[PDB]
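A short write-up of the structure that comes next.
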Amino acid sequence: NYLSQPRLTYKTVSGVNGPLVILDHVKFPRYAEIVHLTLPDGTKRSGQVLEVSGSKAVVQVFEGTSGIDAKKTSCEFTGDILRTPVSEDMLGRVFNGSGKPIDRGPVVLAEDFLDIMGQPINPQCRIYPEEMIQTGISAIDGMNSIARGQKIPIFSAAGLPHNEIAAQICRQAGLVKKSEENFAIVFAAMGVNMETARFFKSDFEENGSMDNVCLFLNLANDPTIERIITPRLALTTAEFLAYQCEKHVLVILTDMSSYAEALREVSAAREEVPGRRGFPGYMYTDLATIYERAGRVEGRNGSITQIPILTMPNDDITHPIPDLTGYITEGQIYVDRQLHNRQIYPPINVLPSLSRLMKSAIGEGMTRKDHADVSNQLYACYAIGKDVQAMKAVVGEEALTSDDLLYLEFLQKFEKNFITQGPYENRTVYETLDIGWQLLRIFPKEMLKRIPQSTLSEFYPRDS
Amino acid sequence: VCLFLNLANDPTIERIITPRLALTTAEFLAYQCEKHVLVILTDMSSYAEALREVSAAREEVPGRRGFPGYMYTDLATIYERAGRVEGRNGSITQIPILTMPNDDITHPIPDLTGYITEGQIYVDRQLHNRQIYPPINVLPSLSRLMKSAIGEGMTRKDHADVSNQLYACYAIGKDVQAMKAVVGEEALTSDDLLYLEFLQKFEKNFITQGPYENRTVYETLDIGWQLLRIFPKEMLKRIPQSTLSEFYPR
Amino acid sequence: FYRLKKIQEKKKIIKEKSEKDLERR
Amino acid sequence: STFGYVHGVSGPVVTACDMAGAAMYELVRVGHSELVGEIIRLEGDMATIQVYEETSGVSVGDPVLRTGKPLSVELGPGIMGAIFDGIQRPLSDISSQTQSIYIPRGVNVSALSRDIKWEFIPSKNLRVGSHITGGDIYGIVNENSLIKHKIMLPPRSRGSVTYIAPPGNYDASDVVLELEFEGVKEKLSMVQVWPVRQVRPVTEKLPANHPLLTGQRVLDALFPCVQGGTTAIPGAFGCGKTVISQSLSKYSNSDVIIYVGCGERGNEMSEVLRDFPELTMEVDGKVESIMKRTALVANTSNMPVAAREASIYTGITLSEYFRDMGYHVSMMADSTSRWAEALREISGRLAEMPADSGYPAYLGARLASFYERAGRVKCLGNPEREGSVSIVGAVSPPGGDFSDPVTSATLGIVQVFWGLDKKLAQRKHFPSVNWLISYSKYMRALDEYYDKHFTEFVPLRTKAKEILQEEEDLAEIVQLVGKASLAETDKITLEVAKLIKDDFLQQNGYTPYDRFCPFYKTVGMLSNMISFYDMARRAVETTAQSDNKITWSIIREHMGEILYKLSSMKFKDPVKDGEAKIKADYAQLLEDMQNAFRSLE
Amino acid sequence: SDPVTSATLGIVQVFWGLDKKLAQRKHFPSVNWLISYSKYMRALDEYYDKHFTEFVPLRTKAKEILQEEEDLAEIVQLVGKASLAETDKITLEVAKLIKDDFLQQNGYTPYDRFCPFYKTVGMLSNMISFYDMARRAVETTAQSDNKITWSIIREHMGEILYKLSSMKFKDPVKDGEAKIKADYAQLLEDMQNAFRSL
Amino acid sequence: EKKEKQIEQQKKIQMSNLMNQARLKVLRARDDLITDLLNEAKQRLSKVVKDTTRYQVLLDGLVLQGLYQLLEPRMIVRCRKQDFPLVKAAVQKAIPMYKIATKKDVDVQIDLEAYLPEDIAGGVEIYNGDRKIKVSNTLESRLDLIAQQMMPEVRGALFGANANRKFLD
Amino acid sequence: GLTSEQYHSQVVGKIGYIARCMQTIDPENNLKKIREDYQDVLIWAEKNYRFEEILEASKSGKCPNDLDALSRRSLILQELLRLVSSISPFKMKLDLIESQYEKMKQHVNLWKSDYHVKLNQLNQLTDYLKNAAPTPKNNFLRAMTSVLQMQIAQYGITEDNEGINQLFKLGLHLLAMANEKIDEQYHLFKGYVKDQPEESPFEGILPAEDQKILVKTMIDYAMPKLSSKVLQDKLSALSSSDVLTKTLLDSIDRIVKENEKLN
């Protein structure tokens with residue numbers, strides 16, 4: 001079973017060239033093998049075999065190549081590819097982008113060792129998503145509901161509060177508590193500035209929630225190969241927790257546009273030609289390898305749900321990163337600069353947002369019987385209210401009908417009561433639905449065209 | 001009839017010799033056996049697409065939209081294999097057929113072809129959708145050799161004048177129809193309504209024909225004068241007095 | 001793209017002629 | 001020797017040596033875990049292999065084993081009810097045998113089971129010394145209650161029979177026929193192997209004639225497809241694609257169904273693989289599963305990119321194999337855009353020139369060569385027979401932009417567009433087909449079929465499309481004219497257009513009487529609606545010149561019972577009403593409306 | 001747009017963008033208040049709570065006025081201002097006061113070479129106090145025979161508009177904190193007395 | 001009304017922090033118990049070095065396991081000074097086995113000038129002829145490489161299997 | 001189209017197939033007016049030529065080698081051989097067979113002939129009965145299909161005999177009918193037996209044990225409807241017949257009409 005035989009060490013460095021060290025006379029090189037370098041001053045560094053040919057191996061060093069020489073620097077080849085130790089004891093822990101602890105706890109005792117690249121889930125085994133993940137945010141739980149086993153991105157842009165929303169979902173998410181126990185969160189963050197990395201670590205300890213959370217931090221000035229490794233450590237931990245320890249896992253991946261930045265940087269070190277709009281030609285396959293590590297599978301009670309968080313340049317949805325993500329994932333939640341400028345939080349615009357699997361999350365025995373009706377009627381009234389608000393400055397409010405004035409009253413109360421929420425306020429799906437009924441009661445019930453008379457009879461009147 | 005067939009499932013690189021086999025056969029028949037040959041080359045856009053695919057593998061310099069930098073020269077070696085020659089009776093006429101990608105006449109295939117060939121006939125989706133046959137929109141169409149193949153002794157003395165006046169009234173009729181879409185019918189003067197009546201009668205009488213109708217030039221010319229007759233003669237400013245005073249009063 | 005290829009090809013030719021000179025050393 | 005050795009590895013590209021005499025696009029097995037790849041360059045004794053799977057941990061000096069084949073399909077008994085990926089890995093056997101939710105690197109389960117024994121019957125008048133040629137049926141395997149799996153001699157094989165098996169039960173590894181040509185023998189089991197990129201040959205390739213029935217009134221009447229036809233559908237979320245797939249699967253006059261996923265989202269693929277095994281149809285008065293005549297090719301967006309690109313070539317080669325037995329096969333491709341993106345990734349990995357919108361120079365040639373395999377055929381080999389493959393292929397334009405190179409090439413090639421439409425689906429109008437955008441070009445080919453079998457239908461289709469166009473032409477005018485001041489002829493056009501749009505074009509497939517609307521019911525309804533239109537037009541036109549003239553209000557007041565009987569025609573039910581009963585009822589409405597109009601004339 | 005900007009925005013906590021419309025209208029400092037951002041505001045709000053208390057509401061309302069007017073500034077290009085309500089005219093005209101007499105700042109003149117934070121909060125506190133009272137006068141006289149308009153307020157309160165636009169001229173080298181606060185507080189009383197006189 | 005509704009979460013925040021802090025203490029204890037398992041293993045391994053009959057059988061293995069990794073024409077063996085009589089016997093036993101198993105001629109020579117430190121627990125290092133490549137078979141290298149790899153079986157044996165791990169796939 | 005190595009191999013194969021068809025349809029050379037239309041292919045297959053001598057003779061143009069002529073000539077013999085293969089226990093007279101052959105040879109395109117449609121419908125109705133176990137539906141289909149094959153063996157396929165055409169409509173409608181609809185199956189089959197011109201449709205067509213099973217399976221369906229044992233006993237006396245005739249149905253129905261008056 002165990003590898004048993006002794007590691008070779010080499011002083012055969014032939015050349016050093018940007019992030020790459022080239023060695024020669026290497027005995028049967030292994031592609032993607034991990035190697036350890038010792039510098040002339042006794043400093044230790046690490047690398048991965050980026051390519052092999054005959055007796056030559058080329059190593060990308062994770063740290064810089066600075067201070068490396070040809071004569072004195074030496075390299076030890078570990079005999080194996082990158083594997084992670086994994087266990088249920090990773091919940092309540094904080095790690096860097098290469099799996100070292102950064103929480104003053106001890107190193108992980110493995111329950112197993114796993115290749116971080118994993119294996120694809122068999123299409124025959126994967127079963128269709130079902131009941132809701134309650135995020136605690138009314139603009140998501142009410143109108144963009146998330147199914148267990150869905151994968152659904154958040155689209156954002158520079159300066160918007162997507163890290164605060166990500167931290168709020170991480171602090172609040174769970175199962176709906178109809179009529180936590182088997183839940184876990186894996187939070188992975190790529191290219192994070194130190195102020196944001198401190199915000200996550202501080203806010204999850206301060207607000208108590210760490211016992212559900214495994215946290216991986218990669219900072220903006222950490223090695224960029226740790227940014228390639230980070231999603232794969234995170235999803236290798238989510239696959240153990242969901243498909244062996246039977247938990248329902250929520251995985252949050254923070255700024256996939258910071259991941260794509262590092263993927264391009266690795267591709268350029270291989271001397272590959274830049275593909276479309278600057279990114280690698282295989283970037284669809286590369287993202288799909290992260291995103292499709294998701295879903296429910298037959299014969300197991302656990303599941304993985306994913307929320308990839310993205311930043312769009314020029315706020316332009318047609319850029320390769322948000323474009324290719326839309327072909328692999330099944331929805332989008334859309335963070336909006338006009339709501340942010342008007343000082344609304346969370347600034348989520350419900351009109352361009354969608355959850356494609358919402359019909360499988362909502363309804364009787366999974367949330368409440370009226371959820372499907374109330375979501376459709378709220379969307380309709382918000383769409384109509386936005387149209388009346390636009391014409392008010394064209395015709396003047398004295399031209400408006402009494403029907404238009406009900407919609408323009410709804411619009412203002414929807415954005416104040418339903419969309420606006422505190423960053424430390426937690427609403428169940430039931431508070432989310434009940435705030436919905438307090439707004440629909442602005443209208444005479446005969447104007448509620450999307451709601452059937454059976455639902456209106458039970459829910460429109462105020463109860464004693 | 002001689003047929004060379006390369007179908008959609010046949011090898012792509014045969015397509016770059018197929019028109020050269022056909023034109024070599026036309027050159028023997030025309031310039032040694034003295035025949036009059038009509039050569040039909042079906043979808044030159046399939047030839048250009050096969051040429052792009054071949055050249056992309058050699059990494060030769062690209063031109064516009066990724067076609068080979070020499071595509072003009074290459075197409076010219078096919079299209080210049082036409083015409084009459086000294087002391088031999090035979091001749092080669094070429095009618096290559098093109099598919100324009102997304103209907104764009106500025107695409108390199110119709111573009112570099114129009115730079116070489118002696119005109120084009122243009123088939124229009126907007127006339128085809130209106131159920132007209134043939135869908136030939138005259139405005140983007142041309143013939144260069146027309147200017148000397150027509151007129152006195154060739155066809156009839158009016159042919160060069162009538163043709164130019166039909167182009168002028170059709171261009172103006174299109175401009176009035178484009179004005180109508182902004183301002184509506186109540187803005188149009190009676191002079192605008194004359195061009196907009198010519199437009200309707202031209203597309204029904206002169207263009208529309210049906211698949212087996214075989215008009216003489218003289219029928220085509222007199223169907224020309226009838227549409228031009230709508231206008232008071234002082235509006236016919238492409239036509240000189242000596243032509244108007246002979247053919248308009250009939 | 002056409003200039004990022006061709007630069008790869010010129011580098012490949014230089015590396016081949018370099019290695020094929022080491023076969024003379 | 002069949003073994004070469006790994007010289008170097010860099011990403012998915014492996015370079016191997018001692019590979020002398022390996023051939024272009026052969027497949028190989030690389031490494032001690034036997035990863036699949038294909039040979040993309042040759043140079044001296046070396047080859048460059050494009051590996052399909054993860055090359056992590058492959059080492060210099062690892063073995064490379066050459067397979068004597070390009071990418072190819074195993075064709076034989078055990079395809080019906082199978083789940084395959086784009087390179088024919090049996091996903092339902094890989095799960096069963098591995099006891100795992102994942103697909104292993106270098107998994108090597110054979111596509112068809114060599115374990116199961118198949119009940120084989122020879123051709124009964126074949127004997128030793130018989131002369132035999134490619135495509136000749138030499139036996140039948142009783143695979144299930146629906147499909148006789150006809151065992152055929154491979155194309156490019158021929159000779160004199162030296163041995164043929166007696167009747168019995170055999171493995172897919174047992175030799176069941178042996179023959180000789182030029183003193184050289186060939187031994188044959190029930191399973192043949194064919195390259196995915198080579199068109200399977202036929203005696204003659206024939207014009208398409210007979211309709212492919214869906215059981216939908218729209219589609220089968222307004223926009224018909226032929227057996228051997230080519231079709232596109234808009235593949236987008238709200239449009240309701242499943243009505244096409246389920247109509248083909250349950251009710252069409254296909255014999256066999258092949259479904260291809262090209263590169264779908266993980267959870268979208270899971271809904272197809274959930275739903276398809278649960279579908280049923282009724283055959284000889286007994287309910288049967290759809291999977292007795294169906295095979296699925298399935299690819300999620302993380303399957304190897306070479307499987308995503310091979311997917312349609314596997315699916316059409318599986319279709320052409322059942323065509324050659326003299327069956328009619330329907331193929332569905334779940335999105336051809338997801339295939340063209342895999343074609344873009346592969347050509348990008350090869351660093352090919354980016355031509356149009358980053359797609360390779362050959363994109364249109366690959367799509368034309370694919371759809372060209374559709375058609376009716378006269379099969380190879382001795383028992384005289386005809387079969388066909390029909391292609392339906394979805395396409396996914398970005399934001400509805402048809403100028404996209406894949407969508408533009410697709411609509412440049414296919415002869416039918418069934419324009420499913422979200423804006424109609426949001427009205428609960430089902431099926432969602434946009435009758436103003438949707439079209440079929442097969443109407444000159446289907447003419448002599450309808451002329452023989454139905455006769456009155458071609459005029460009825462023509463008038464129906466005109467009524468449905470006049471009600472678009474009137475749609476602006478009504479807003480200015482205010483409905484009331486319109487001509488009575490045109491009020492008749494608007495409210496018969498409403499009758500057609502509400503009671504002919506809509507078809508609720510969950511209701512027991514309208515799951516499947518047979519073509520005699522479909523012409524019967526339209527015949528009565530157009531008969532009422534002609535009579536209403538005639539009643540106005542007989543009187544409008546100077547009489548106390550007929551009006552559409554007078555017709556609705558005098559004939560509102562008949563106008564309700566016309567809306568009642570869709571509820572007639574082929575499960576409980578005979579063909580003669582439905583015909584008699586629709587004839588009785590034609591007598592009743594004549595008596596009513598003759599009481600007004 | 002460019003790679004250096006795109007790379008920088010992934011890292012920096014504050015970004016100030018230029019507006020060519022402001023620079024070519026010779027408005028300074030020419031910073032765009034709709035594409036710019038700062039991610040430090042939650043960290044600083046405890047300092048503003050400790051040392052000022054009023055400023056966080058003022059910052060919030062000023063950004064609302066500047067965004068609300070940017071939508072009105074699109075619609076008036078179609079309709080030529082005539083349809084606009086008095087509350088919304090009030091919002092155009094006060095947005096301009098903020099743009100010309102608070103956001104605009106001469107960089108060379110001694111009184112505005114460096115605007116200290118007690119001057120900064122003082123100016124904006126008065127402009128937002130004016131916005132509340134001016135808007136309240138219009139809204140409180142809807143549904144009435146006498147209805148207040150921006151023109152009525154402009155006619156009644158021209159000295160208050162002159163004092164508000166002049167608040168920038170206070171020189172922190174010549175005048176102390178106490179005088180600058182007292183002058184702004186007297187204007188707040190002049191505003192209240194003028195509105196009470198309407 | 002919001003504050004009066006937060007009270008459940010407000011205290012349960014402390015409970016999840018306290019339970020995770022208690023667990024941190026338990027994880028530090030468990031790590032030290034593993035650390036002392038490796039300390040005992042290292043002390044027991046020193047007795048296998050003192051038993052010169054067993055230690056010879058290790059030198060006979062550790063030398064040849066080096067030679068099979070290098071496969072060079074010439075190799076330099078380096079050892080602790082006092083182990084030299086065992087190492088010279090081990091090299092003499094290794095050369096015939098190496099030639100039979102590899103089909104190469106070889107030149108294996110002991111470094112007489114620069115021994116390993118006497119602080120080393122035991123075992124040997126082997127170098128190619130010019131010292132550009134080495135392989136290390138010191139007994140702490142052996143123990144550490146095995147002990148890291150069997151850590152999942154050590155966790156399972158010392159502290160019991162995880163009750164939640166339903167599946168091993 | 002085909003390569004030359006395909007095209008000549010398909011000619012050699014198709015010459016062999018016409019011979020295997022001829023040896024299947026006529027083991028005796030009775031159909032001589034047919035054979036004289038095929039002797040120019042059969043004269044090759046009558047000798048050993050190892051495949052390979054026919055392949056060279058086909059390339060040499062010595063064989064007939066127009067595949068479209070060979071295809072037409074093969075289809076006619078195949079569509080004849082299907083008819084005689086479909087008529088299972090019964091057989092046609094030689095001049096009837098040579099008439100069906102001539103009626104086919106004159107047809108424009110057999111793939112669109114009414115003959116081909118009727119043969120497909122006969123094969124569809126037949127192959128179900130190679131597998132189907134005993135039920136009312138399956139016994140009625142064995143009875144009707146035996147009469148259908150028998151009438152086809154008297155009258156041929158090529159001309160619209162109303163009895164054959166009616167029996168196709170009845171047989172195919174019963175095949176399509178749901179297996180649980182025993183009341184409609186019995187009503188349809190009693191409908192056929194009552195709508196027959198003769199007293200006894202099955203007279204020497206159908207073996208006596210199967211006739212006894214029809215008499216029995218009607219009695220077993222009628223008896224549970226009879227509420228009085230006197231009527232059950234009067235019905236039971238009819239089980240004395242093995243032959244199935246209108247008299248049985250008329251008597252069963254008479255006892256049921258007595259039950260409808262008794263209740």
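Letters A, B, ... mark the chains of the structure tokens in the order given; residue numbers begin at 1 per chain; ligand numbers begin at 1, in order shown.
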
(request) Tell me which protein, DNA and RNA residues are within 10 Å of stretch 156-160 of chain D, counting only C-alpha atoms, leaving out same-chain ones fewer than 6 positions away, and put them as a ChimeraX atom specification. (result) /D:127-136,178-186,201 /G:5-6,9-10,12-13,49-52

(request) Just the strand (DSSP E or B) stuff from stretch 26-106 of chain D, please, per backbone DSSP, written as a PyMOL selection string. (result) chain D and resi 26-30+35-43+46-51+59+63-70+72-75+83-84+90+102

(request) Considering only C-alpha atoms, return as a list in words whatever protein or nucleic-acid residues lie within 8 Å of residue F:102, sequence-local ones (same chain, fewer than 3 positions apart) excluded. (result) residues 71, 98 and 99 of chain F

Written file, previous selection with C-alpha atoms, as an mmCIF file, in the first residue's frame:
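Result went into out.cif, see below:
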data_model
loop_
_atom_site.group_PDB
_atom_site.id
_atom_site.type_symbol
_atom_site.label_atom_id
_atom_site.label_comp_id
_atom_site.auth_asym_id
_atom_site.auth_seq_id
_atom_site.Cartn_x
_atom_site.Cartn_y
_atom_site.Cartn_z
ATOM 1 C CA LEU F 71 20.867 3.119 -11.068
ATOM 2 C CA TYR F 98 22.275 -5.229 -7.918
ATOM 3 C CA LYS F 99 24.104 -6.625 -11.008
#

(request) Calculate how many Å separate atom CA of residue B:142 from atom CA of residue B:94, rounding to one decimal. (result) 15.0 Å

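Here the DSSP assignment of helix (DSSP H, G or I), based on backbone atoms, applies within chain C to residues 4, 5, 6, 7, 8, 9, 10, 11, 12, 13, 14, 15, 16, 17, 18, 19, 20, 21 and 22 of chain C.
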
Take the residues just selected and output them with C-alpha atoms as an mmCIF file, in the first residue's frame.
data_model
loop_
_atom_site.group_PDB
_atom_site.id
_atom_site.type_symbol
_atom_site.label_atom_id
_atom_site.label_comp_id
_atom_site.auth_asym_id
_atom_site.auth_seq_id
_atom_site.Cartn_x
_atom_site.Cartn_y
_atom_site.Cartn_z
ATOM 1 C CA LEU C 4 1.847 35.530 -31.075
ATOM 2 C CA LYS C 5 2.106 32.492 -33.319
ATOM 3 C CA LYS C 6 5.136 33.082 -35.677
ATOM 4 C CA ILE C 7 7.002 34.374 -32.552
ATOM 5 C CA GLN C 8 6.494 30.882 -31.029
ATOM 6 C CA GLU C 9 7.748 29.338 -34.330
ATOM 7 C CA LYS C 10 10.905 31.553 -34.457
ATOM 8 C CA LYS C 11 11.653 30.614 -30.790
ATOM 9 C CA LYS C 12 11.160 26.865 -31.618
ATOM 10 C CA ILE C 13 13.592 27.107 -34.583
ATOM 11 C CA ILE C 14 16.192 28.873 -32.354
ATOM 12 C CA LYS C 15 15.844 26.141 -29.650
ATOM 13 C CA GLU C 16 16.209 23.378 -32.286
ATOM 14 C CA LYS C 17 19.350 25.005 -33.815
ATOM 15 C CA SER C 18 20.721 25.511 -30.257
ATOM 16 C CA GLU C 19 20.176 21.817 -29.272
ATOM 17 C CA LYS C 20 21.529 20.671 -32.688
ATOM 18 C CA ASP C 21 24.669 22.756 -31.921
ATOM 19 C CA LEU C 22 25.054 20.996 -28.514
#

(message) I need the chain D residues near chain F as number ranges by chain; criterion: at most 10 Å, counting only C-alpha atoms.
(response) D: 98-102

(message) Show me, as a PyMOL selection string, every residue of chain B with an atom at most 8 Å from chain D, counting only C-alpha atoms.
(response) chain B and resi 8-9+49-50+52-53+56-57+59+65-67+102
